[PDB]
């Protein structure tokens, strides 16, 4: 356990920042994830052999899709790292362990299609899981990999603690269902502004961790413009593919997913920042003040999309 990971000086330094890009070198991401766990949790949190073999099974079970891929998993785990390191007294030992694993696992075996498409296709996963279809599958796959021989990174926990960490991971991953985000933030907004928000109330912590999960999962919109711009291409390649598949069921897809309507994207991103991203990072900053850079960076990109619409870029 005297074996720490060290990154090159630039990554060692930039990794602490919310807007850190994990780069185009796939083979460095596992070491980036381990480095983050060792700093955020401790070198003793996870047996290195088991963690390494858990990370590569998770990697194996992410698909070669444009966006909902292994790079998204590590990118969302990093944002969670950045939140935990900037608020380090606010979270228990079990939450620091569970939430970085929850972020790595949150989109396991994603095919690049929405819960809606599964439903209209009548996918078997939609029969098994009536709401949060993909997100219940993702948790299912997380438990599957935890129960592979030699992959139980939580072996040293007690019966109680183990059940608590798997319950943290479950709620964490279910919250990545953006349909539940809108009601969760509203409740949080009320609780905060009436002064009834209480982080000793387990049902309140759940809600806050829920918002943190939405904030990490949307964190591509908190990157420097050139990263956010190029990530949007990957996100939209999935949306257009799903639109194609909708048209193949004989359903006209919403404009967002229609590749014939690419000209409507800059307005559609405006809608998304205002209705989803800005509110998310606003309420997050109100609750967790040190997370303010995510809101600042998100606003900067909103401003850059406004520029696109005016044909300034």
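Throughout, rigid core stands for the largest set of C-alpha atoms superposing within 1.5 Å between the two forms. Numbering follows the first chain given and starts at 1.
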item	value
Higher-deviation segment by CA RMS in 7 other deposited structures of this protein, core fitted, 24-32 or 258-266	24-32
RMS Cα shift after core superposition in 7 other deposited structures of this protein, winner of 244-252 and 53-61	244-252
Of 189-197 and 107-115, the one with larger mean CA B-factor	189-197
Mean Cα B-factor comparison, 91-99 or 74-82, giving the higher one as deposited	91-99
Options 46, 29, 67, 54 - largest CA temperature factor per the record	46
Chain-wide C-alpha B factor ranking for residue 248, given as lowest, middle or highest third	lowest
Chain-relative CA temperature factor third for residue 177	lowest
Record-listed C-alpha B factor of residue 154: chain third	highest
Chain-wide C-alpha B factor ranking for residue 40, given as lowest, middle or highest third	highest
Chain thirds of CA B-factor: placement of residue 231	lowest
